[PDB]
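Please read the structure below before turning to the comments.
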Ligand SMILES: CC(=O)N[C@@H](Cc1cc(F)cc(F)c1)[C@H](O)[C@H]1CO[C@@H](OCC2CCCCC2)CN1
């Protein structure tokens, strides 16, 4: 049965890449002010540059919006490395390649920042799609998506198809290239192959999930499953890498090194800091293992697995000489804040944030990078016992 794509107006509305983020075009204010906004499932504030910055070519000008409302309150958001200081307000917001609706939403006008804006990313703001619990200053600041659902007939769901190119893109290349899709209010069936498998959203704060088993080329990492979710496991479009808890990262890297041992790489490569290059077209994908993350299913005692390739966890980067070599960074790194299923993982799949049914769907992406021998996979069911015990308290 042929799968039909019913959300053509929202298909291909994203641009960007895993390293600098995926963004969607939005307008704020009256008359509309066009801004490129980073799509972030790992935070809950909608904020835009609202003052000059060396990395900003445009920003929100509140004095030019007739519909701007001042909330007379400051707001501060600290991320993993970046942070910003802003002024709260509300204004009319639209997504030109989104639903044909305009909503009044909370907007944090960024006045000061540190390592937030990325030089040449082409985005000027952030769209925090997660829940009110993690919004700053507190959970009374209604996130954008909650406003959107409350004010319109848009269903309480969005889905993301993040499309990694498999090769580097310069600033002009990301501007001219399609980066993927953000389908607001539905599931577009042309964006995936095979079946959608659903994992429950453990708690509505981050998009929190439970990992029950981890495999490197079919080999069980054999850790107590609590370790995989210590202190939580989240699906995060706003983080580049697959980030793993310290103990899990150390076990995974030992296994990935063992599986790829026909070639030796410097410590800086495994630390995710140093690039590794191969002659054009000769990347030895086959020496690197596949990685399987088993997720709690919706049916009691049932799990399913998502499998990524090195085409996902090896992030394409440009060489210092901009040569013809194919270069990459190891996009798996240590975390002190739980598992982070970042953009490099999401690039393998069509990810459904079904807020209505408190679940996250995964299916093989129609735009995942692969080779003629292996593809990413979403498979199940597996009989897995005491999966609730994997959750950390
Ligand atoms: C890389 C990165 O920081 N990605 C960010 C988004 C983000 C992207 C970016 F390109 C620059 C930046 F400064 C921030 C993402 O939100 C991460 C942030 O860390 C974790 O969330 C912490 C949470 C605490 C309460 C306030 C909201 C954030 C997990 N999610």
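Just so you know, the numbers here start at 1 and follow the chain as drawn.
So how was this one determined? The header says X-ray crystallography, 1.8 Å.
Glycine too: its Cβ is placed from the backbone N, Cα and C atoms.
What Swiss-Prot says about this one:
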DOMAIN    22-363  domain 'Peptidase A1'
MOD_RES   73  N6-acetyllysine
CARBOHYD  100  N-linked glycosylation site
CARBOHYD  119  N-linked glycosylation site
DISULFID  163-367  disulfide bond
CARBOHYD  170  N-linked glycosylation site
MOD_RES   222  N6-acetyllysine
DISULFID  225-390  disulfide bond
MOD_RES   226  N6-acetyllysine
MOD_RES   232  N6-acetyllysine
MOD_RES   246  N6-acetyllysine
MOD_RES   247  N6-acetyllysine
MOD_RES   254  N6-acetyllysine
DISULFID  277-327  disulfide bond
CARBOHYD  301  N-linked glycosylation site
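Cα-Cα distance from residue 367 (disulfide bond) to residue 100 (N-linked glycosylation site): 26 Å (rounded to the nearest whole number). Ranking the recorded positions 73, 170, 254, 301, 327 by Cα distance from residue 225 (disulfide bond) puts 301 first.
Cβ neighbours of residue 100 (N-linked glycosylation site) (same chain, under 8 Å, six or more residues apart in sequence): 9. Counting only the Cα atoms, the space from residue 163 (disulfide bond) to residue 247 (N6-acetyllysine) is about 30 angstrom. Taking the Cα atom of each, residue 246 (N6-acetyllysine) and residue 254 (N6-acetyllysine) are about 12 angstrom apart. Recorded residues residue 73 (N6-acetyllysine) and residue 390 (disulfide bond) have their alpha carbons 40 Å apart, per Cα-Cα distance.
Secondary structure at residue 254 (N6-acetyllysine), as computed by DSSP, is helix. Under the DSSP three-state reduction, residue 222 (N6-acetyllysine) is assigned to coil, being neither helix nor strand. Measuring Cα to Cα from residue 226 (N6-acetyllysine), the recorded positions that fall within 10 Å are 232, 390, out of 119, 170, 232, 277, 327, 390. Cβ neighbour count for residue 73 (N6-acetyllysine) (all protein chains, 10 Å cutoff from its Cβ): 12.
Rounded to a whole value, the Cα-Cα separation of residue 232 (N6-acetyllysine) and residue 301 (N-linked glycosylation site) is 20 Å.
Neighbour counts were taken as the number of other C-beta atoms within 10 angstroms of each residue's C-beta; across the disulfide-bonded residues 163, 327, 390, the minimum falls on 327. Of the listed glycosylation sites, namely 119, 170, the sparsest CB environment within 10 A is found at 119.
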